[PDB]
Amino acid sequence: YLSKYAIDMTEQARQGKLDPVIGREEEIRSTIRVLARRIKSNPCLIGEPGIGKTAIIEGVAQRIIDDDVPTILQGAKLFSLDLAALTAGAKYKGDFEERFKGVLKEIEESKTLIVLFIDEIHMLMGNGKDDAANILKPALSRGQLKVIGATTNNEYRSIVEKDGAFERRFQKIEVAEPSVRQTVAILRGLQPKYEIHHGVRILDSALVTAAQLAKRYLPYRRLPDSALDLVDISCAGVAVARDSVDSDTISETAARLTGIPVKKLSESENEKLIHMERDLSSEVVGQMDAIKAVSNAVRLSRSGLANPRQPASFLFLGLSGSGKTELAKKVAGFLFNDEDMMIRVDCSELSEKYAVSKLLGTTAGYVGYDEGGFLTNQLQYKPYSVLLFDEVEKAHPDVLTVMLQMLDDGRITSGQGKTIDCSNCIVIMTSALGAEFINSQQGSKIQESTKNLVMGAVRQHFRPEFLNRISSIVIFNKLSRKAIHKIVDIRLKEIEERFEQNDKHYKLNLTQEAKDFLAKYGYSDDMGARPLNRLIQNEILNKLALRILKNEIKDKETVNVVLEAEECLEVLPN
Amino acid sequence: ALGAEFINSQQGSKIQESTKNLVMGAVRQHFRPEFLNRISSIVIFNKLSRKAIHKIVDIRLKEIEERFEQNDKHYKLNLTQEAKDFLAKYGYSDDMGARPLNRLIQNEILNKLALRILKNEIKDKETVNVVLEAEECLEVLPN
Amino acid sequence: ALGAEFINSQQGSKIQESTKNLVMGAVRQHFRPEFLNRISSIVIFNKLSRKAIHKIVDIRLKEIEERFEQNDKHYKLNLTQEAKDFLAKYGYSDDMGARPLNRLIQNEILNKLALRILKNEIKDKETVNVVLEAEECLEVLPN
Ligand SMILES: Nc1ncnc2c1ncn2[C@@H]1O[C@H](COP(=O)(O)OP(=O)(O)OP(O)(O)=S)[C@@H](O)[C@H]1O
Ligand SMILES: Nc1ncnc2c1ncn2[C@@H]1O[C@H](COP(=O)(O)OP(=O)(O)OP(O)(O)=S)[C@@H](O)[C@H]1O
């Protein structure tokens, strides 16, 4: 067997239709340290899939065919003849190894000094630890020549990396995530031929952009692949458009994944974090301090002093006035524009300081399921979520402490091991029980004595590391009387859009006197604070239904109409 | 080699005591007792040594001496202690066998020959000049 | 033979009805009684001490080469007592014993021999004589 599943290349390097992309040369030089390397003749290279681990090996050939490098190994076999020949040898069983053995003689004793390479070590050895690919490999490898595979790390690879045939054999030397600046030098070097065969012409600055931005925000698809897409994405519009710019190639992409790039293309970071801050003021008023308290490590977030792995967040004081938990996540969204952030864990099951039920729960060693599948998964999902807490934590101090780990420091104690990060994750434990002392309010604001003390009563309540680090504060005077009121127009403008504003432009009117009557009643002293939404909607939504029933009128309206006496009964006519 | 991993753990290049019997243990696998009576004996391929092989390797040229050049022109082969040692500690195997370096040994030969067929002064008596990827070497010839 | 033959006894060929019993269940564990009832006879193997193996010697001495085409080398060997013992030293491996042991006892003694053939002084004659690592005894008798 000769050329069939093989990658005949060095020629395609020697004739050179290959397009050089020159990455990190070191591990190659490291790899070059193979040529006569013996004891363990080779390392490996472990990336995630998309990184050109072999494009390296391709670039290696560029390091090779171009010669003027060590000719200690000079004559060449680089070519990977596996493919699927594993099962794809013939019409029946047993020839897989033949399929390589049919390779063996047409690969017989080496004139050409160059070891070749097959893909993964798990493309190597077929399934792994199977006869496929001549499971035992001194005799050729210590023998005519060698080969190389490569993959991503641990488990499947680790198993055969412990002993098997690699007991004597290769290490792994792993290029990084494609780094910062070169990536345009990459990209711009990618430019000329790739961009020359892509379309039109081009200029720098945009090239910088998604580079940053794929690097940004884009752990999945971190690789230029998207730019490489953006590349084709680029010509996509215009070359078409010309058949009959601004990084706005990136825009619709950044529209695609973000939902608008004006979300992604957007407040840059830091001033704009502060602009974010003032836009969160724009969001919700109430204690500016609360805002400002929340504003604190905003700047410290992502900027770092000791680590970004610092958790930066604004420890919550459990209560719900307006933005409260909600906007706290909304801002947390309004950080990343992503509302979704993190869920809540019911701490009910968490009652003790231990259970099989924990945010980790199981270790994944033995039968069961993952408890707290969130950060199990939520990071598998997503970086930089909100968090989840309770005014009485019924949670296990275990994890709380195991998160006091992640609490004080940044990296969290991954139960299964893999603090994939704490980078942008900045969130604040939400607890307070002092409601009856929280009940201490007069006027629009509270002077602090109580707020020291139940604080104190809590300050020592659950032990200090909790209450030790992580400054910022959350304060509740609630709404005094009106100020919340503006929420209505929100509440209003929560309406029309949700489906289509088109449905009803009718936009009505709120007759503050009602909104008073609405609010004054409608939401408790304590809270009672949701329903008027859930409510006033209705009797109105009746008219909605109603005026949608027999249907004489269509307009954009202003309602502003109202009369136990507890009901003056708003309504609205045609 | 079913037993050889007993000396994988470096054990008894000279076996004594019960190792052979522990060695004889894995025997029973492939074996059967009818097979027993009809079996003469049991004999190793040993672990050798440079103490052995450092001389053995020598033979390997006296081995290969007249291969290519039949009667044409012989050589001299000054080596001394480096060009005694070098290529042995270069290419021997403590795991594969006598196998590996042989083919290697073939290599450096013809390379110098490649040199010397590139050259052809180097008429009959030939000595060897060797000094210190891996395996830093020199291994040259005057001419 | 599967059973408390495992213990055998530690006593002697009598062992005991115990083991003899121990087997019966150990028989009747898995097996089929009327089929077991198909057994005509209860037979067993015992502990043979010296005298047996002592004789097994006496047996083997002649015993092997006997049939051989030309024993015309007229092989008497010897004992006194001594010669019996040297293997009877090792004479019985509790596990394996003679048939394995003799197999080499066969060999080694036999191994000793084409020597005297090669020792090219005695040709057609025999006696054995020996004296005693602890090895030497081992045949080799001059003309
Ligand atoms: N300068 C460079 N040096 C080395 N490789 C590069 C360079 N620029 C781009 N590449 C890689 O070249 C690859 C060509 O496509 P493929 O290698 O098939 O995809 P790949 O997944 O990157 O390769 P793997 O999986 O890492 S071996 C791209 O995926 C890039 O990751
Ligand atoms: N402007 C606002 N005024 C009052 N409540 C608001 C406002 N914006 C959001 N919310 C509330 O944000 C809540 C989510 O955060 P939480 O702090 O858990 O509230 P809560 O603890 O359920 O008690 P509430 O919200 O005061 S009834 C929702 O229940 C909404 O009532």
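We number chain A the same way Swiss-Prot does; the residues here are 166-409, 541-859, 872-882, in that order.
Method on record in the header is electron microscopy, 6.8 Å.
Note: Cβ is positioned from N, Cα and C throughout, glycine not excepted.
What Swiss-Prot records for A:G212, A:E213, A:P214, A:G215, A:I216, A:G217, A:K218, A:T219 is ATP 1 binding site. Listed in sequence order, A:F282, A:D284, A:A315 are the same-chain residues six or more apart from A:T219 (ATP 1 binding site) with CB atoms under 8 A from its CB.
The ATP 2 binding site annotation in Swiss-Prot covers A:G614, A:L615, A:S616, A:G617, A:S618, A:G619, A:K620, A:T621. The Cβ of A:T621 (ATP 2 binding site) lies under 8 Å from the Cβ of A:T726, each on the same chain and at least six residues away in sequence.
Within its own chain, A:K620 (ATP 2 binding site) has no residue 6 or more apart in sequence whose C-beta sits under 8 angstroms from its own. Look at Swiss-Prot and you will find A:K620 tagged as ubiquitin cross-link, backed by experimental evidence.
According to Swiss-Prot, the phosphoserine annotation covers A:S206 (among others), on the basis of a large-scale study or a structure entry. Counted within 10 Å of its Cβ, the other Cβ atoms near A:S206 (phosphoserine) come to 20, all protein chains included.
For A:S306 (among others), the entry in Swiss-Prot reads phosphoserine. There are 19 other CB atoms within 10 A of the CB of A:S306 (phosphoserine), with all protein chains counted.
Sequence annotations record features per position, and here Swiss-Prot assigns motif 'Nuclear localization signal' to A:773-789. Sequence-remote contacts of a segment are chain residues at least 6 beyond its ends whose Cβ falls under 8 Å from one of its Cβ atoms, and for the motif 'Nuclear localization signal' (A:773-789) they are 581-583, 617-618, 737, 739-742, 803-804, 806, 808, 811-812, 814-815, 829.
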So if I measure Cβ to Cβ from A:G217 (ATP 1 binding site) and keep only same-chain residues at least 6 apart in sequence, which ones fall under 8 Å? A:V186, A:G188, A:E223, A:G224
Sequence gap of 6 or more, Cβ distance under 8 Å: name the residues on the same chain that satisfy this around A:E213 (ATP 1 binding site), in order along the sequence. A:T317
Sorted by sequence, non-A:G212, A:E213, A:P214, A:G215, A:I216, A:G217, A:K218, A:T219 residues with Cβ within 8 Å of centre, ATP 1: A:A220, A:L388
Inter-residue C-alpha distance, A:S306 (phosphoserine) and A:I216 (ATP 1 binding site) (nearest angstrom): 27
Between the C-alpha atoms of A:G619 (ATP 2 binding site) and A:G215 (ATP 1 binding site), the distance in angstrom, to the nearest integer, is 42
Cβ atoms within 10 Å, counted per site: which of A:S616, A:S618 has the most, among these binding-site residues? A:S618
Enumerate the residues of the same chain, A:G614, A:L615, A:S616, A:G617, A:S618, A:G619, A:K620, A:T621 excluded, that satisfy the criterion Cβ within 8 A of the mean position of the Cβ atoms of the recorded ATP 2 site; list them in sequence order. A:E622, A:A624, A:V770, A:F772
Do you know which of the recorded positions A:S206, A:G215, A:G217 end up with C-beta under 6 Å from ligand 2? none
